[PDB]
Amino acid sequence: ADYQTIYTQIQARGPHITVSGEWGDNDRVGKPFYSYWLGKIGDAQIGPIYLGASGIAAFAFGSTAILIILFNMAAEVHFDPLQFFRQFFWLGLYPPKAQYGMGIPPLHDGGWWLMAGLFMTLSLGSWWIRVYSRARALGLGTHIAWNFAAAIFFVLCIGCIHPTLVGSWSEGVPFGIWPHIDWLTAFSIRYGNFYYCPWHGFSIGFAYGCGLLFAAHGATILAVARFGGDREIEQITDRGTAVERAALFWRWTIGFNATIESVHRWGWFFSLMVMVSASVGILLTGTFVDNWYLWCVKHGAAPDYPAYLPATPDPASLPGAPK
Amino acid sequence: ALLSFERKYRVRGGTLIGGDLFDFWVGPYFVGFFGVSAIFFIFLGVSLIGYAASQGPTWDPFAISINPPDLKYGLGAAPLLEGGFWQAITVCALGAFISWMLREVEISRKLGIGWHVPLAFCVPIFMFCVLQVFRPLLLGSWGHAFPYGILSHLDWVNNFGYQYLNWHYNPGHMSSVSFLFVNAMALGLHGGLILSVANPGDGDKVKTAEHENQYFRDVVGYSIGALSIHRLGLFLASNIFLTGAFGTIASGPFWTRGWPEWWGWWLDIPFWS
Amino acid sequence: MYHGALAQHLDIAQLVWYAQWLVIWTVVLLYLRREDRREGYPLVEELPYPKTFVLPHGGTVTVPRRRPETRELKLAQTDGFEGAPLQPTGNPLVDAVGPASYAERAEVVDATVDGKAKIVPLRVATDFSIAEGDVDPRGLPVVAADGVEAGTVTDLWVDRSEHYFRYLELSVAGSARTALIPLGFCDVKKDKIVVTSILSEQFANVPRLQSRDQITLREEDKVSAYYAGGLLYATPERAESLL
Amino acid sequence: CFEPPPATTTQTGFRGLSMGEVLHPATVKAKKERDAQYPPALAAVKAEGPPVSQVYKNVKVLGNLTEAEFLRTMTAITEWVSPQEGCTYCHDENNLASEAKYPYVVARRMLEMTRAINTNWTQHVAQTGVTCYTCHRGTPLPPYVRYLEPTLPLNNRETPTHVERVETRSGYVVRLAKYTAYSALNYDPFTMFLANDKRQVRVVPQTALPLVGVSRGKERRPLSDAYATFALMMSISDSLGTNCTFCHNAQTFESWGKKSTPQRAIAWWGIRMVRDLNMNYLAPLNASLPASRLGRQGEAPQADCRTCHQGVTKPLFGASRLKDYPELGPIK
Ligand code: BCL
Ligand code: BCL
Ligand code: BCL
Ligand SMILES: C/C=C1/c2cc3[nH]c4c(c3C)C(=O)[C@H](C(=O)OC)c4c3nc(cc4[nH]c(cc(n2)[C@@H]1C)c(C(C)=O)c4C)[C@@H](C)[C@@H]3CCC(=O)OC/C=C(\C)CCC[C@H](C)CCC[C@H](C)CCCC(C)C
Ligand SMILES: CC(C)=CCC/C(C)=C/CC/C(C)=C/CC/C(C)=C/CC/C(C)=C/CC/C(C)=C/CC/C(C)=C/CC1=C(C)C(=O)c2ccccc2C1=O
Ligand code: HEC
Ligand code: HEC
Ligand code: HEC
Ligand SMILES: CC(C)=CCC/C(C)=C/C=C\C(C)=C\C=C\C(C)=C\C=C/C=C(C)/C=C/C=C(\C)CC/C=C(\C)CCCC(C)C
Ligand SMILES: [Fe+2]
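Residues numbered from 1 in each chain as written, not as in the entry; some residues may be left out. Chains lettered and ligands numbered in written order. Heavy atoms only, no water. Residues with missing side-chain atoms left out of burial classes, pairs and counts.

- Regarding how it was determined, this PDB entry cites X-ray crystallography in its header, along with a resolution of 3.600 Å.

**Some points on the overall build of chain C**
Right, on to step 1. Helices and strands together make up the secondary structure of chain C, namely 2 helices and 12 strands.
Right, on to step 2. Listing the helices and strands of chain C from first to last along the sequence gives α-β-β-β-β-β-β-β-β-β-β-β-β-α.
Right, on to step 3. Principal axes of the C-alpha set define a box for chain C whose edges measure 90 × 55 × 40 Å. (Helix = DSSP H or I, 4+ residues; strand = E, 2+ residues; numbered from the N terminus.)

**A look at the pairing of strand β8 (residues 149-159) of chain C**
Residues and elements named next belong to chain C.
Right, on to step 1. Where strand β5 (residues 119-121) lies against β8, 3 bridges are found, and the strand directions are antiparallel. What sits directly across from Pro-121, in β8, is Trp-157.
Right, on to step 2. The pairing of strand β7 (residues 141-143) with β8 spans 3 bridges and is classified as antiparallel. In the sheet register, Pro-141 faces β8, and the bridge partner there is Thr-152.
Right, on to step 3. Joining the antiparallel neighbours β7 and β8 is a turn of 5 residues, in which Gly-147 adopts a positive phi near 90°.
Right, on to step 4. One ladder, built from 8 bridges, connects β8 with strand β9 (residues 164-172); its direction is antiparallel. Residue pairing in the sheet places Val-158 in a bridge with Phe-165 of β9.
Right, on to step 5. In sequence, β8 turns back onto β9 through a hairpin of 4 residues, with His-163 there showing a positive phi of about 55°. (Pairing = 2+ DSSP bridges.)

**Some details on the interface of chain C and chain A**
Right, on to step 1. Counting from both sides, the interface comprises 67 residues of chain C and, opposite them, 54 residues of chain A.
Right, on to step 2. Going through the elements one at a time, α1 (12-35), β1 (51-54), β6 (129-130), β8, β9, β11 (187-188) and α2 (217-233) of chain C are the ones with two or more residues in the side of chain C that touches chain A.
Right, on to step 3. With 14 residues, α1 of chain C is the largest single contributor of residues to the side of chain C that touches chain A.
Right, on to step 4. Looking at the side of chain C that touches chain A residue by residue, the classes come out as 36 nonpolar, 13 polar and 18 charged.
Right, on to step 5. Pairing between strand β1 (residues 12-13) of chain A and β6 of chain C: 2 bridges, direction antiparallel. By the bridge assignment, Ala-12 of chain A is partnered in β6 of chain C with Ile-130 of chain C. (Contact = heavy atoms within 4.5 Å. Nonpolar A, V, L, I, M, F, W, Y, C, P; charged D, E, K, R; others polar.)

**Regarding the coordination of the iron atom of ligand 8**
Residue and element names in this part refer to chain D.
Right, on to step 1. Coordination sphere of the iron atom of ligand 8, protein contribution only: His-124 (NE2) and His-309 (NE2), at 2.4 Å.
Right, on to step 2. Of note is the iron atom of ligand 8, whose 6 donor atoms meet at the metal with angles of 77 to 176° in an arrangement that counts as octahedral. Placement of the pair is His-124 in the loop between α4 (102-120) and α5 (133-136) and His-309 in helix α10 (residues 306-309), with a sequence separation of 185 residues.
Right, on to step 3. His-124 sits in the partly exposed class, given a relative accessible area of 25%. (Donors = N, O, S within 2.8 Å, 3.2 Å for Na, K, Ca; no water. Tetrahedral: all angles 85-135°; square planar, octahedral: opposite > 155°, others 65-115°. Buried < 20%, exposed > 50% of the residue type's maximum accessible area, 1.4 Å probe, protein only.)

This is the structure we're talking about:
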């Protein structure tokens, strides 16, 4: 058994790493702290952390939005400190309930939401630059920055793009623990059971696959951890016995395999496609499809089942039946 | 037929049962005893699905469905057309999954590596049992289990979730979803990082393990490490079905109301009410 | 009139549905599946373009690996049909076959952020420590699978880049020793280091290295491979049926 | 935090749809023993005599009964509405023709309403029907009523906490949540849907593609409507003590035929019935009830689902007195 794959039995300490970046070496902040219990399942050193203009813009815009949201939450309980801590999950900031179209809604009905939405967007955009710039500041590929973009893009879809495309701010996602959860069903109901949106199935297929892949890959690297498999950069440019057996375990199992490099393209793609498929689903939704179930019925894809309890005629269509 | 570095490894041994008898390869596939039993269960299972699909007004994949019995049959045997086909296929599916798992144990054994992959594979097998056996057994009938059809089994999940009003409030479900999300996130980060170091652009120098840790020290103020991301990863991915199983088995056997109401334990406490 | 409606019974979302499948299979088959075949190919007994990595401190390496000279097998086939298993003609631990096999990758000690040797002893490692709370293997006995003292701790070897110990190395009783053991193969107790991968008589062959202060990559693989070969070959009792 | 096994499960859809009820025996058992307090019908009486339109001076609804039959009704009503204070709750001690107290004039209206339900709304109550008890359960104030805003507790026989009181605005979200099965849906389905016939419960389109003229900008209903519909559904479900699959195949909530249960259609006739009761019988009563009965906007107590069901698919589990008191309806 590998006791190293469970926890690191013997832990190592030494002088701080510091690799210079093209800029901002001085804007690193924090004296690095060592946690013994953290270092049983990760590296013990916590910090330092890089500030830099994009990073601080993120916290500025971000906090601004959160403040808006928390303040609007506090008012929902008359600013009672007890009830706020109590009802917190039920509290939220809601998009306009009346139909103002794309017109900027009143502060008490959607206004504060739109503004909190705006500052949140600025916050995400600020952090993106951080993710991007830090990559090429350290002479690294922007693979992370572009994955993070797909997630940012999708949030924009459910946040403002799809609202703009259908022409209503009322279709936005509220801020809150339960309230933003409530939106999920209101949106699915409105558009005819989202189980019948193909890009929904696609997005799910990719998300599940993200589970499968890093369950398999995560376990794969643990299995060849005795051969220093976790050292992957120097297993790509230079193949050793770790991914020899890793490539062969899967080749003997499913009939084909990847490389130590290419398996990372598989996981990056799957993750990307969770967002890519989702965004396409939301865009199509409302715009060009108004009921995904009926859309499937039209194309003869929807399943049909025999009656258990008798067929029930729509009473609204009965002769003499009320409005 | 073989990889450039492969024949080095194709030695005998590492069998659990069978010895030399099934210790051989078919193309790139290893067989072993559990290769033989897998094919048996898979042939039988697919045949049953085929013969069952023979019978309905079937044939286009999206409309093909093989359903469990009525609730009234309890845990008893059902008429093959009225649920029995499902019962058998269920069994075959379990034979196939477990075989596939132990086959992986045999392959790990011959390669001299840890058994982490087939041990990981026990988690989805486990969840399948929760859905198709466990929760039915507690509820008393097999008819509570999901049907085998590409679209039909979605409608099973759909109705089941609504049977508890808003399935979103299911705390077991909240944990499960949380793990599915963060796992997809971590996979994107990790794969993206490794590529960033090996594929950094233009006429480049491939960067180092110090650049790895470097990057996440700057962005979030911590890097978990090269080896630790892989145990973290197996941890997040596994806890999808490890935590989610609680919310599934709790629905029915241990809770019959809507899941939003379940949070009455927090909301209805006398000194907040 | 309807949004998204086209000619016949056709609509926009219907078209995108096909485009989605086309893109996905294009990426999977005409990219990801080809990216998978960068090493191990071509087969013996569809491929992609070359690629050239520029390595951190001098030199390049490019997909495939067109290699020095190739090792000579020390195994005999068990039967003549294509998929038959093979069988060790000597001691499978010494000719590095099966789970005892290693990779033929450059005998270079590969390095740190700044040039130094990455995997080095604490007698070298300057400034590296054992974290307060974890046990010090310094001077402990190494107990093999047969229960016999195979020897005693000498030093522990650290990755200078990741701050992570990867090898114990130790003395054998009775051969003027010393050689490597990956700590994936060790169970660190308070008074002993338990190793069940090999018997104590078999520590005698643990691949030595031209250096006492170094360790190169082929080495790292040569050392790790042999202990892993013990999981199947240490006794006649491991090539078994478990049942 | 949890309810011990086993659990009572029913099947309402095709096998393998996971459609049906999920009930906890202890809850169900408790509800029967509560609904079993339905007083037994009074023994039958003399069929002959002059109609009380001859006999009594101020009888305008039940004027065709004989005196023995008419008094029987008065005993039953007394049982059902005001058993503790008896007749004098609704009668001047020695002038029984007098409408000098308010429960008299309301009780007349209440007689007509009850007959209305059993006669005109047989698409809902069928031959089960209702009596005074179905809502009152032995008290002048029905336990489950609803004002023009969320109130707590749902049962007015229970003492409200401070935060539950309608005046305490810090607790508005909870009042809203508990009427909607503890969801955070920010909508009151009673006033939106059940108090009147103004708004439409249906919000899901009946075409695949968006219909031009109703799918862009201010042509569209706000998404808020689907929320509120969800809120009505949460409320109805808790009121009957079931879930969605009791009525829907959640494959497509918007569809009837095999995609719905006969109960959903019955339920449809209930909403229509409840609106009728509120708009034409109960709401106009604020002019006859004392100020102490009225809500904060001068509203009289009005009925929803729960008013009769009180947590059950059928009120009092199908118990009826319909043939025991034909004067209560249906009416020829
Ligand atoms: C409680 C949760 C639900 C559930 C909820 C959902 C939802 C919701 C969705 C799916 C989707 C899918 N589900 Mg399901 N699913 C459950 C359990 C299962 C089981 C099982 C053994 O228990 C199977 C085989 C499947 C199979 C599948 C696929 C048809 C599809 C894509 C999944 C995917 O990419 O995964 C990750 C795996 C990979 C990326 C690798 C490739 C796997 C391929 C796709 C497997 C195809 C198997 C196919 C059914 C044939 C079976 C065998 C025949 C004998 C040939 N589900 C349970 C019952 N599943 C989506 C869909 O599109 O459905 C139509 C979807 O929207
Ligand atoms: C009744 C309710 C509906 C439902 C409603 C919806 C709706 C509506 C949608 C989905 C969507 C998704 N659903 Mg669905 N869903 C249901 C049933 C399921 C089932 C199932 C087995 O039953 C599964 C597996 C899923 C799973 C999925 C996902 C695969 C998919 C993408 C969303 C996602 O991952 O977001 C997780 C990822 C993110 C949110 C990205 C976040 C990225 C950003 C950068 C994070 C920012 C953090 C930062 C700190 C925030 C600071 C804030 C401060 C204020 C500043 N759903 C049913 C049918 N679901 C989407 C989709 O694909 O639609 C086509 C979608 O829009
Ligand atoms: C209205 C309906 C409800 C809903 C109803 C349910 C129900 C009901 C359940 C879930 C469950 C799950 N839900 Mg859901 N869920 C909803 C909304 C969501 C949302 C969202 C964005 O709102 C998300 C992210 C999710 C996500 C999730 C998953 C994380 C979770 C576990 C899935 C599972 O069991 O897979 C199961 C997958 C397997 C068992 C795969 C097994 C594979 C086996 C081992 C091998 C197969 C081999 C194959 C056949 C081989 C083919 C050969 C080919 C060659 C490849 N749900 C809505 C609100 N959801 C479950 C849970 O845990 O709940 C707490 C659950 O029980
Ligand atoms: C939490 C951890 C998770 C995780 C992890 C891992 N996953 C693994 C491993 C690990 C670690 C492996 O090592 C192993 C493997 O080698 O990978 C390449 C495996 C694999 N994961 C597969 C599918 C998969 N994983 C899912 C879920 C998770 N995986 C989650 C995320 C899902 C979902 C979500 O639906 C799917 C579809 C196969 C591709 C493969 C097994 C092949 C098999 O077992 O062959 C043996 C069986 C057959 C070839 C067919 C048997 C057919 C029966 C008899 C007849 C049909 C019956 C069937 C019930 C009908 C269903 C109808 C349908 C519409 C309802
Ligand atoms: C002909 C016959 C009957 C022979 C009998 C012998 C026998 C047992 C045959 C088996 C027959 C059967 C059932 C074959 C089916 C095999 C299956 C299930 C194939 C499905 C393939 C699928 C869809 C896999 C999903 C996961 C996925 C997208 C993988 C793509 C990327 C890959 C290959 C990941 C695997 C992989 C991972 C995860 C690494 O970490 C790693 C690290 C270092 C080097 C290589 C690798 C590597 O290859
Ligand atoms: C909850 C209301 C209520 C209760 C309880 C009640 N009454 Fe009645 N009573 C009425 C109403 C209203 C009328 C007139 C109904 C009508 O016009 O058809 C009426 C009519 C009568 C009349 C007709 C007198 C006349 O000249 O019009 C008599 C007598 C009478 N009730 C006696 C009784 C008796 C006896 C009891 C109990 C044992 C009783 N009441 C309890 C409300 C009530
Ligand atoms: C006992 C009855 C009943 C229950 C319980 C019930 N439904 Fe409803 N539902 C109906 C009826 C009747 C309508 C249509 C009302 C109308 O036509 O005015 C409807 C309408 C709907 C609609 C909108 C249909 C459309 O055309 O827009 C949705 C969505 C819905 N229900 C979902 C649910 C949800 C969600 C639940 C529970 C959480 C639920 N059903 C439980 C009877 C019920
Ligand atoms: C004033 C009386 C009253 C009100 C208000 C009321 N119900 Fe009913 N309902 C009844 C009675 C009495 C029955 C018994 C019918 C039967 O036994 O078939 C019934 C039957 C039903 C059934 C049939 C259950 C079954 O198992 O067959 C459903 C569903 C239902 N009601 C839903 C509702 C809905 C929806 C509402 C309001 C929106 C409502 N109830 C409010 C009196 C009422
Ligand atoms: C104290 C610490 C460590 C953290 C604090 C976090 C905290 C307690 C926050 C408080 C309450 C909580 C938990 C809030 C959570 C809210 C959630 C879950 C929100 C989820 C999704 C919200 C979404 C997707 C909103 C999207 C909205 C948008 C993208 C709007 C876009 C707006 C624009 C583009 C503006 C352009 C239009 C212009 C003309 C005005
Ligand atoms: Fe990796």
